[PDB]
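K.L.:
once you've seen the sequence and the experimental structure below, I've got questions.
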Amino acid sequence: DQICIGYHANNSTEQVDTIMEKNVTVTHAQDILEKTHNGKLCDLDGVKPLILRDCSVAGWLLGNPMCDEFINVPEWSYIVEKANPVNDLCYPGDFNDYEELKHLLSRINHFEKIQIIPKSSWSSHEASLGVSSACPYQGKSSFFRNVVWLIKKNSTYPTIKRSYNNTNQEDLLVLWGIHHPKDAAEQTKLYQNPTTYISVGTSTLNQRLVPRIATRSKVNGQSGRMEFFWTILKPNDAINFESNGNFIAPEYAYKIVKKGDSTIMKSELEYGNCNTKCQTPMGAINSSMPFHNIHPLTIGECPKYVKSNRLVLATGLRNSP
Amino acid sequence: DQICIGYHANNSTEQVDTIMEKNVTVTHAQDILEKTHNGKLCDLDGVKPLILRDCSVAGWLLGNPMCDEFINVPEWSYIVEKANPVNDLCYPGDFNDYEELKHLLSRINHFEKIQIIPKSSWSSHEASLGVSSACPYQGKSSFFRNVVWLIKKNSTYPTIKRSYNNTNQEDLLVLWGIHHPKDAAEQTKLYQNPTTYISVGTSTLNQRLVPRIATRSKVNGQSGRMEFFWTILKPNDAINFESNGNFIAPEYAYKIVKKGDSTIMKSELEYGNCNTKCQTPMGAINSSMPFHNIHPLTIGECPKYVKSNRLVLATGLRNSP
Amino acid sequence: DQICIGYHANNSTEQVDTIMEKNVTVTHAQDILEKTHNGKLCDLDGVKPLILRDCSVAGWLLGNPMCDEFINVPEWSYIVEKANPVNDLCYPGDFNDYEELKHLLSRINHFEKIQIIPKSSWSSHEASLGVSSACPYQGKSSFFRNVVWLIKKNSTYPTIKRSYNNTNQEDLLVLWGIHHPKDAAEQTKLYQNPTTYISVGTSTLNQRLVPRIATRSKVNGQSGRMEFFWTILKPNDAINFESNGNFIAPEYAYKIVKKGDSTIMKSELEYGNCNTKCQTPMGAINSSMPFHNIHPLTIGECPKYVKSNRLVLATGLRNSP
Amino acid sequence: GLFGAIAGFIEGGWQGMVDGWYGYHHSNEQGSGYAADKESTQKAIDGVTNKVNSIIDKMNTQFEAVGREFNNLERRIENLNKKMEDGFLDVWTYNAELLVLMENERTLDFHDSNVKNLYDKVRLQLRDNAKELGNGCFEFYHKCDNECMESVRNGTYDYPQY
Amino acid sequence: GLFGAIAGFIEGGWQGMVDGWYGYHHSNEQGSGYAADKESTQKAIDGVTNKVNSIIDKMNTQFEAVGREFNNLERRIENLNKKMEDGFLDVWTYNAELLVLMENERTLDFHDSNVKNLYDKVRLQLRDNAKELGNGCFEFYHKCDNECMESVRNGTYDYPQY
Amino acid sequence: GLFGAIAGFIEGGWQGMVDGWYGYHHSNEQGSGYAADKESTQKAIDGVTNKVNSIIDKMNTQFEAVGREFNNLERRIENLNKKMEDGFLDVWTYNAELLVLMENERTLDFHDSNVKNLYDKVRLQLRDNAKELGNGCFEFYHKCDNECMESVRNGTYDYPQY
Ligand SMILES: *[C@@H]1O[C@H](CO)[C@@H](O[C@@H]2O[C@H](CO)[C@@H](O[C@H]3O[C@H](CO[C@H]4O[C@H](CO)[C@@H](O)[C@H](O)[C@@H]4O)[C@@H](O)[C@H](O[C@@H]4O[C@H](CO)[C@@H](O)[C@H](O)[C@@H]4O)[C@@H]3O)[C@H](O)[C@H]2NC(C)=O)[C@H](O)[C@H]1NC(C)=O
Ligand SMILES: *[C@@H]1O[C@H](CO)[C@@H](O[C@@H]2O[C@H](CO)[C@@H](O[C@H]3O[C@H](CO[C@H]4O[C@H](CO)[C@@H](O)[C@H](O)[C@@H]4O)[C@@H](O)[C@H](O[C@@H]4O[C@H](CO)[C@@H](O)[C@H](O)[C@@H]4O)[C@@H]3O)[C@H](O)[C@H]2NC(C)=O)[C@H](O)[C@H]1NC(C)=O
Ligand SMILES: *[C@@H]1O[C@H](CO)[C@@H](O[C@@H]2O[C@H](CO)[C@@H](O[C@H]3O[C@H](CO[C@H]4O[C@H](CO)[C@@H](O)[C@H](O)[C@@H]4O)[C@@H](O)[C@H](O[C@@H]4O[C@H](CO)[C@@H](O)[C@H](O)[C@@H]4O)[C@@H]3O)[C@H](O)[C@H]2NC(C)=O)[C@H](O)[C@H]1NC(C)=O
Ligand SMILES: *[C@H]1O[C@H](CO)[C@@H](O[C@@H]2O[C@H](CO)[C@@H](O[C@@H]3O[C@H](CO)[C@@H](O)[C@H](O)[C@@H]3O)[C@H](O)[C@H]2NC(C)=O)[C@H](O)[C@H]1NC(C)=O
Ligand SMILES: *[C@H]1O[C@H](CO)[C@@H](O[C@@H]2O[C@H](CO)[C@@H](O[C@@H]3O[C@H](CO)[C@@H](O)[C@H](O)[C@@H]3O)[C@H](O)[C@H]2NC(C)=O)[C@H](O)[C@H]1NC(C)=O
Ligand SMILES: *[C@H]1O[C@H](CO)[C@@H](O[C@@H]2O[C@H](CO)[C@@H](O[C@@H]3O[C@H](CO)[C@@H](O)[C@H](O)[C@@H]3O)[C@H](O)[C@H]2NC(C)=O)[C@H](O)[C@H]1NC(C)=O
Ligand SMILES: *[C@@H]1O[C@H](CO)[C@@H](O[C@@H]2O[C@H](CO)[C@@H](O)[C@H](O)[C@H]2NC(C)=O)[C@H](O)[C@H]1NC(C)=O
Ligand SMILES: *[C@@H]1O[C@H](CO)[C@@H](O[C@@H]2O[C@H](CO)[C@@H](O)[C@H](O)[C@H]2NC(C)=O)[C@H](O)[C@H]1NC(C)=O
Ligand SMILES: *[C@@H]1O[C@H](CO)[C@@H](O[C@@H]2O[C@H](CO)[C@@H](O)[C@H](O)[C@H]2NC(C)=O)[C@H](O)[C@H]1NC(C)=O
Ligand SMILES: *[C@@H]1O[C@H](CO)[C@@H](O)[C@H](O)[C@H]1NC(C)=O
Ligand SMILES: *[C@@H]1O[C@H](CO)[C@@H](O)[C@H](O)[C@H]1NC(C)=O
Ligand SMILES: *[C@@H]1O[C@H](CO)[C@@H](O)[C@H](O)[C@H]1NC(C)=O
Ligand SMILES: *[C@@H]1O[C@H](CO)[C@@H](O)[C@H](O)[C@H]1NC(C)=O
Ligand SMILES: *[C@@H]1O[C@H](CO)[C@@H](O)[C@H](O)[C@H]1NC(C)=O
Ligand SMILES: *[C@@H]1O[C@H](CO)[C@@H](O)[C@H](O)[C@H]1NC(C)=O
C-alpha cells in the first residue's frame, strides 16, 4: 500500500519563455498582448471623428471651395487628415505658424463659424471680384470662402481702417492674408498704390506686413502668392486692421466653444460606420488586455503600446510530455 | 529532552508589499521615501534666494519703478517668481527672446549694475521727460529706471551715434528698446522725423529696428507699445547705436560677476527665515532618505524624486500572528 | 567505503558582484563591456571620412580660399569637424539656418559641385574685383570661391534678373549672400544705388533681403558683414534672382547624388590610415561585446553604450578559497 | 526546476488529477485514486493571481505618444521628437518583455516549491512508518485503508498508532 | 515561503528569542531557553545591509528636472518638454516600485532559506540519535544536558558518543 | 547560498574534478577518484548559455545618440536635447547594471540548486543502506566496488540487492 505526491498535467501546448529556457510547455498561460484590430476608423464613444478626406486643415479653415463638405462641421472626437491632401491652398502660398495652429486643434473639439466682417459692408472697395482660376468651383473661378480678396473700386484703393470686438464669451480664431503679386503692373492693376501694407494689432499683437513683389514659379497657374496669418482674439479684446492694398480680409471666423481631448490622426482610411473606446490610425481596439502592438498613436481608454510580437505569462506549471 | 530550531518574532505591525502578496507583516522594515517638507522657502546652504515677490524678471531687470526693492540685489542661490506677477511691463509691449534670457539666469548667481551711458550725457536730446502715467512712482508719472526714453529737444531729434566699450573683465548684459507709437501725430510730436530707425551692432549683432505705427487696444491707458531687446556684450567688444527717434537708450547694464548653479522657481510662497540643503517650490527637505515625493523641480543635494505614495523595504522576516 | 557529492573548483580569481555581496570569486565569468579603442579616426567599412581639419562646414561649402583641399571631395562615410575651426567665414558675417543645414548633411554621403551661373556671364556688372584682404590666398586678396561678389561697372549697377532651372535628376543645394556695408559711402562706392535689395523665389521660397548699413566692430579688418542663405532647389524647379546691389551671386552649387547614413563628428583627431566597422570621436571599436563605455556618439555596427566601468556576468560557480 | 520536485524526483504530472494543481495518489486493497490538496492549491492560485494583477498594474502608468508636426526647417526638433518618442517605447518594451521572462521563471519555480513542500509535509508525518521510494511515493509498513490514507492528507496521521 | 520553513513546518516565530533572527530552543531536566545562532544571523545582517545600500546606490544616478519656459507660439516644444520630463519620472517611479517589490520577495525567501539551512545543519548532525518531530524540533533518545545541547549548537555533537 | 549545498554542508569544491561542474568522488579498497555527472552539468551549461544570450539579446534594442547642434539663442532646446540624451543613458546604464547584479545572484543560486538536487538524487537511492555523514558523503554498510559505485552514478543502485 502506498501514497504518492504529484502535480497536474493536461493536453495544453501553450508555451512560455524564461531567461534560461525558451518554449516551455505549460498547463496554463495568459496572453496579455492585444494583436488584433478592426481595421476601421470609428466613432469614439459615440462621437464621430472629423474626417477631412481630401482636404487639409488649411483648406478646411480658410474655406477652400473644394472643401464645402466641412463648411459647418459639428463637434468631433478626433480629426483625420491624409498624408498629402490634394486640396490644401488652391492659390499657392504659405500658412504662417501652421503647425502651432494644428497643435492648438488637438485641444479643440468644436468650432462655431461666425461672420465678423460682412462682405456687403465693403462700400469703398470691390469685394465680389476677388476670384481665381486656381480656386475653381463648379467650373467657375472662386476663392477661399472665409476671406475676402479686396481689390480697387473705380481706380481707388483708399486706406482701410476696420475694427472687430470679440463680444462673445468664447475665444475667437481669426484668419487673414496678404497677396504677393507677380509684378509692378499687377500691383497697380489690382490695388493702384505702388507701396502698400497691412497693419494688424490686438492687445498682444503688433504686426505690419508688406507685400514682396517678385516673379516666381507658376503653381496652379499662379506666379503670385498668398501668405496667411492667424491669431486667437481673447474675449472682450479687439483686433485693428489698416491697409493700402493686398489685404485679404476676414469674413468668417471660428468660435472655440469646446476644448478638451482631441488629436489630428494621419491616415488614408475613411469612415467605418462603427463605434469603439480606443482608436488608432490603422483601426480600433476592443480588448481587456493590458498591452497591444498595433500602433503607438492612440486615442481613448487604451492598452499600453509595446513593440513586442508576443507577451504570455505562465500561470500553470511545466506540462509533462 | 529536545532541541528546536526557530526564528524571531515581535510586536511589529510594519507591512511590506511583494509581487505575490500585499501587506505582509514583518519584524523589521526600512522606509526609503521622504514624504514631509517644512513648507517654506529657505536659504540654500546659507545663501538666501532672490524673491521677486510681485515683480517679474522683466520688471526687475528693466527697472520697473514698482520694483525698487531689487534696485541692487546681492548674490543669490535660486530665484523665486510668482506665476502671474502683477508688476511686469508697466508700459505695455514685448520683451524679445525673454525665455532665452530667463534660461541664461539659471546659470547666473550675481549681477553688478553699472552705468554705461549717463543720463546727463544726452546734450542734444531731452532725457528727463520720458515718463508715463502707465509707470507711476509715488503718485507721479515715471519710467523703467534702467533705460532712457529720449524725446526731441526744441523741435529737433538729430541722429544719435553712440558707442560703449566693455572694458570690464565680466560679460555684460545690455538692454534697450524701441517705441511703437499710436499714430503719425505722436511720432512727429515726440520725435519730429516721420520715418525713423534704431541700428544696433556688435561683433556678432547686426540689428536694425523700425517702429510700427498703429492704433492698438489700450493697456494701462496706452495705445503705443515698447519692444525690448537685449544682448551679451563680450569683454573688450563694443556696441554701436544709431537712431532717428523712438530709441529707448540704456543707462544701466548688468555685469555678470558670478556664474554657476541656479534656477528660476515658480512659487507663491514668500521667505521663510530658514536654512536647508534641499529646496522645492512647496518647501525644503531635510532627510537622509534616497527618495522623496514632494516635487520634481528641486535644487541642492536632494533625494531622488519619484511619484510613489509609499516605498518600504523589508529587512526582517515575516512576523507571526 | 564511501561516495561523495561535490562541485568544481579552480585557480580563478575572477570576481562578480551580486545584490547582497560584492567581489564574489567564481570559477568562470564573462566580461560583456568593451573598454578599449584604437584611438584613431578610420575608414568606415572601406569608405574614408571627410576630415575638414581646420575648415568648418561653412568654410568648405562657401569655398573659403583656405579650404581648397575640399574643392572637390569624393563620397564619405562620416564627416569630422574640429570644435573651433580657424577657417570659417573669412569675411565676417552670419550663415542663415546653419544648423538646419548641418543636420541635412547627416543624411548626405556625396556632393557633386556644378556651375549654375558662370562668372564670365556677368556682362553688365564687374565680377572679377570682388575680393578682400580678409580672405587671402597665396599672399593676395581673394574670396569665397563658390559665390561672386558683384560690384558696379563703369558707375552703373543695373537691375539683375537671372534664373536657373534645375534640369538635373538630383536635388540641388544653392547658396547666395547679401553684403552689409559699413557706411553710406561704401554703398554708393560699390553699388551706386543708395537703396537696394535682393529678391529670391522658388516654388516654396518667397524671399526679399535688404542690406542693413551700420558701422560695426572690425573682424579680420572688416566693418561690413556677409549674411549667407541657402535653399534646396528641387528637380525641375527654378530659382529667380533680382537685385539693385549687394548681391553675392552663386557660381557653383552642389548636387545631392547620394543620401543615407552619415554624421558630423566633433573631434580634434586627424586621419588614422585605418579601417573599422564602428567609429567614435575618440577612436574606433573592434569587438564582439554587447556593450562599451567609450563614447555615446558612434557610427556603424556598434555595441550599445553604457556609462558603466564594469559589467561581468557569472557563468561558473562560487570558487573555494 | 530549482526545488527538484517537478520533472525531477517526481518524473511527470498526472492527467488523472483534474481538480487541483497539487495532490495525492493512493493505492491499497480497496482501490486507488487522486485527491487534490486544497490548501496548497488555493495558495498557488492566490499567488499567481496577485502576480498577474501586480504586473498589469505596474505597467498601467506608462508613456503615451502625441501627434506633433514640424515644417521643413524644423528638422532638428522633429528628429529630437522622434528619438524621444521611440526612446521611451524601447524602454517600456524592454521593461515589459523582461518582467514577463523573469516572472515566468519565478512562477515555474514557485510551483516546483509548492510540490516539494507538500512532499516534505507528508515525509515528516510518516517518518519511519514507510519506505521513501525516491519517486514521490511512500510505501507503508502497515496496511493503510482509506481512513488511514485520509489521515495522511489530513495532517492527522497518528504516527504512534502505527 | 519558497523554502518551507518559516510559517511552514515551523509554524511561528518566537517572541522569547530577542538577540538574533534565527536560533535554538532547548528543553531538558535542567530547564529550557532560547539561544541565537550568531553565524547565520550575522550572515543575514550582512546580506540585507548590502542589499539596501546596493538599492540606494543604483538609484543615486537618476533623472533631474530643470525649469524651462516657453511662449504662446512655442506650444509644440513646451509639450515635448513636458512629455519628456514626465516620461522619465514614470520610468524611474516604475523602476523604484518594482525593485522594492521584487527584492522584498527575495528578502523574505532569504530568511526562509537561512532557517531551513540551519534546521538541516542540525538534522545532519543528530542523524538517527533523535526523533524528527516534524515541527522544527528533535526529541533525543539519550538524555541531553546543557553541555550536550551546547555541543549541538557548536557543530560538535559527538554522534558516536551517543 | 539559498540551497545550502555549495559552501554550506559541502564545505568546498574540488580542484581534482576537471571535466564537469558537478559530480562524484568515491573511495573503496580498489582506489578513489572523481567522476563528473554529465546530465546535470550539461543542464547547467544550457541554462547559463541561454541566459547570457537572453541578456545580450534584450539589450540589443537600445537608445542611440545623434549629433544635434544649436546656436546661441537656442539654449533651451539644446538643454532639452542634452537632458534627453543623458536621461536615456542613465536609464540603460541602470538597466544593464541591475540585470547583471540580479542574474549573477540567480546564476550562483542555480549552481547551488543543481548540487543540492544531485545530492538528494543519490540520498534517495541509497536510503538506509548508507550513513549520511553530513558533509556530502555517504558511507556504505556493505562494501561497494567500482561496479557498485558506477551503479549509484547510473541511477541503477539496486537497493534490495544490498
Ligand atoms: C469691446 O466692447 C466692450 C463693450 O461692449 C468693451 O468693454 C467695455 O468698456 C467700457 C468703456 O469703454 C466699459 O464702460 C463702463 O464700464 C463699467 C460698467 O459697469 C461695471 O460694473 C458692472 C456692475 O455689475 C459690471 O457688470 C461691469 O462689467 C463693470 O464692471 C462702468 O462702471 C464704467 O464707468 C466707471 O465709473 C466709475 C465710477 O463712476 C469710474 O471710476 C470708472 O473710471 C468708470 O468711468 C464704464 O462706463 C464697460 O464696462 C466695458 N464692458 C465690459 C463687458 O468689459 C471692450 O473694452 C471693447 N473692447 C476693447 C478692446 O476695447
Ligand atoms: C575697447 O577698448 C580697448 C582698449 O581700451 C580696445 O583694445 C585695444 O585696441 C588697441 C588698438 O585699437 C590695441 O592697441 C595696441 O595693442 C597692442 C598692445 O600691447 C600688446 O602687448 C602687450 C604686452 O603685454 C599686452 O599687454 C597687450 O594686451 C597687447 O597684446 C600693441 O602691441 C599694438 O601695437 C602693435 O604693434 C606691433 C609692433 O609694433 C604691430 O605689429 C601691430 O600691428 C600693432 O600696431 C596696439 O598699439 C590694444 O592692445 C587693445 N587692448 C586690449 C586690451 O585688447 C578694444 O579693441 C576696444 N573695443 C573694440 C570693439 O574695438
Ligand atoms: C525647367 O525646364 C523644364 C524643361 O526644360 C520645364 O518643364 C517643361 O515645361 C514645359 C512647358 O513649359 C513642358 O512642355 C510640354 O510638356 C509636355 C511634354 O510631353 C509630356 O508627355 C511626354 C510623353 O512621354 C513626357 O515625356 C513628358 O514628360 C510630358 O509628360 C507636353 O505634352 C506639353 O504640351 C501639352 O499638350 C497637351 C495636348 O496637346 C495639352 O493638353 C497641354 O496643355 C500641353 O500643352 C508641353 O508642350 C515640358 O513637359 C516640361 N518638361 C518637364 C521635363 O517637366 C520646367 O517647368 C522648367 N522649370 C520651371 C520652374 O518652369
Ligand atoms: C481527518 O480524517 C480522519 C481519518 O478519517 C478523521 O477521523 C475519523 O473521523 C470520522 C468522521 O468524523 C470518525 O467517524 C466517527 O465514528 C464514531 C465511532 O467510532 C461515531 O461515533 C461518529 O458518529 C463518527 O461516525 C472516525 O471515528 C475517525 N476515525 C479515525 C481513525 O480517526 C478525522 O476526523 C479528520 N480530522 C480532521 C482534522 O480533518
Ligand atoms: C563547544 O561545546 C562543547 C560542549 O560543551 C565543548 O566541550 C566542553 O568544553 C569545556 C570548556 O572548554 C570543557 O571543560 C574543561 O573540562 C576539563 C576537565 O574535563 C578541564 O580540564 C578544563 O579546564 C575545562 O574546564 C569540557 O570538558 C568539554 N566537554 C565536552 C563534553 O566536550 C567544546 O569545547 C566546544 N567546542 C567548540 C568548537 O566551541
Ligand atoms: C550502469 O552500471 C551498472 C553497474 O556497472 C551496469 O551493470 C553492469 O553492466 C555491465 C556492462 O553491460 C555488465 O557486463 C556484462 O556481464 C555479463 C556476464 O555477467 C556478460 O554476459 C556481458 O557480456 C557483459 O560483460 C554487468 O553484468 C553489469 N553488472 C551489474 C552488477 O549490473 C549497467 O549495465 C549500467 N546501466 C545503465 C542504465 O547505464
Ligand atoms: C520557439 O518557438 C517559436 C514559435 O513556434 C519558434 O519560432 C518559429 O520557428 C519556426 C520554425 O523555424 C519558423 O518557421 C517561424 O517563423 C517562427 N515563428 C515565430 C513566431 O517566431 C522559435 O524558433 C522557437 N525558439 C527556440 C529557441 O527554439
Ligand atoms: C493594504 O493596506 C493598505 C493600507 O493600510 C490598504 O489601503 C487602505 O485601505 C483602507 C481600508 O479600505 C482605506 O480606507 C485607505 O484609504 C487605504 N489607505 C491607503 C494608504 O491606501 C490597502 O487596501 C491594503 N491592500 C490590500 C490588497 O489588502
Ligand atoms: C571590490 O574590489 C574592487 C576592485 O578590486 C575594489 O575597488 C578597488 O579598491 C582598491 C583598494 O581600496 C582601490 O585602490 C581601487 O581604486 C579600487 N578599484 C576599482 C576599479 O574600483 C572595491 O573596493 C571592492 N569592493 C568591496 C565592497 O569590497
Ligand atoms: C483537451 O482536453 C479537454 C478536457 O478538458 C477537452 O475539452 C479538449 O477537447 C482537449 N483538447 C484537445 C486539443 O485535445
Ligand atoms: C468587444 O468584444 C466583445 C467580445 O469580446 C463583444 O461581445 C462586444 O460587443 C465588443 N464591444 C464593442 C463595443 O464592439
Ligand atoms: C513592543 O515591544 C517593545 C520591546 O522591545 C516595547 O519597547 C514597545 O513598547 C512595544 N510596543 C508596542 C506598541 O506594544
Ligand atoms: C534636520 O533634522 C534633524 C533631525 O533628523 C535635526 O536635528 C537637524 O537640526 C535638521 N537640520 C537642519 C539643517 O535643519
Ligand atoms: C591555472 O591552472 C591552469 C590549468 O588549467 C593553468 O593552465 C594556469 O597556468 C594556472 N594559472 C595560474 C595563474 O596559476
Ligand atoms: C579585430 O580583432 C581581431 C582579434 O580579436 C583581429 O584578429 C582582427 O584583425 C581585427 N579586425 C579588424 C578589422 O581590425
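P.N.:
Sure thing, it's come through. Numbers count the residues shown, from 1 in each chain, chains lettered A, B, ... in the order given. Ligands and ions are numbered 1, 2, ... in the order given.

K.L.:
find the residue at the geometric middle of chain D.
P.N.:
The centroid of chain D falls nearest to residue D:111 when counting by Cα atoms, centre = their mean (3.0 Å).

K.L.:
need the contact list for residue A:86.
P.N.:
By Cβ atoms under 8 Å, 6 or more residues apart in numbering or on different chains, the residues touching residue A:86 are residue A:54. Heads up, the C-betas are built off the backbone N, CA and C, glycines and all.

K.L.:
which residues in chain D form strands?
P.N.:
Counting by DSSP state E, the segments of chain D that form strands are D:22-28, D:31-36, D:130-132, D:137-140.

K.L.:
closest to ligand 3 out of the ones you listed?
P.N.:
Closest to ligand 3 of those is strand D:22-28 (Cβ to the nearest ligand atom; 78.0 Å).

K.L.:
pairing partners for that closest one, with directions?
P.N.:
Partners of strand D:22-28 in the sheet, by DSSP bridges, are strand A:2-7 (antiparallel), strand D:31-36 (antiparallel).

K.L.:
quick one: is the first one near ligand 4?
P.N.:
In other words, strand A:2-7. No - applying Cβ under 6 Å from any ligand atom, one finds strand A:2-7 separated from ligand 4 by no less than 13.5 Å.

K.L.:
quick check, residue D:80 in contact with residue F:77.
P.N.:
Yes - Residue D:80 lies in contact with residue F:77 (Cβ atoms under 8 Å); the separation is 7.5 Å.

K.L.:
tabulate the strands paired with strand D:22-28 (JSON lines), appending distance to ligand 6 and mean neighbour count.
P.N.:
Shown next, in JSON lines, are the strands paired with strand D:22-28 (distance: least, Cβ to the nearest ligand atom, whole Å; neighbours: other Cβ atoms under 10 Å in any protein chain shown):
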{"stretch": "strand A:2-7", "distance to ligand 6": "24", "mean neighbour count": "23"}
{"stretch": "strand D:31-36", "distance to ligand 6": "29", "mean neighbour count": "14"}
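
K.L.:
now those as TSV including distance to residue A:171?
P.N.:
Shown next, in TSV, are those (distance: least, Cβ to Cβ, whole Å):
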stretch	distance to residue A:171
strand A:2-7	67
strand D:31-36	67
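
K.L.:
the biggest helix by length in chain D: how far from the chain's middle?
P.N.:
Counting by DSSP state H, the longest helix found in chain D is helix D:75-126. Helix D:75-126 has its C-alpha centroid displaced from the chain centroid by 14 Å (Cα atoms, centre = their mean, to the nearest Å).

K.L.:
is chain F contacted by that helix?
P.N.:
Yes - using Cβ under 8 Å from any Cβ of the partner chain, helix D:75-126 reaches chain F at D:76-77, D:79-80, D:83-84, D:87, D:90-91, D:93-94, D:97-98, D:101.

K.L.:
residue A:88 is in contact with residue A:60, isn't it?
P.N.:
No - with contact defined as Cβ under 8 Å, residue A:88 does not count as touching residue A:60 (9.7 Å).

K.L.:
how about residue D:40, what does it touch?
P.N.:
Going by Cβ under 8 Å, 6+ apart, the list of residues near residue D:40 reads D:21-22, D:114, D:117-118.
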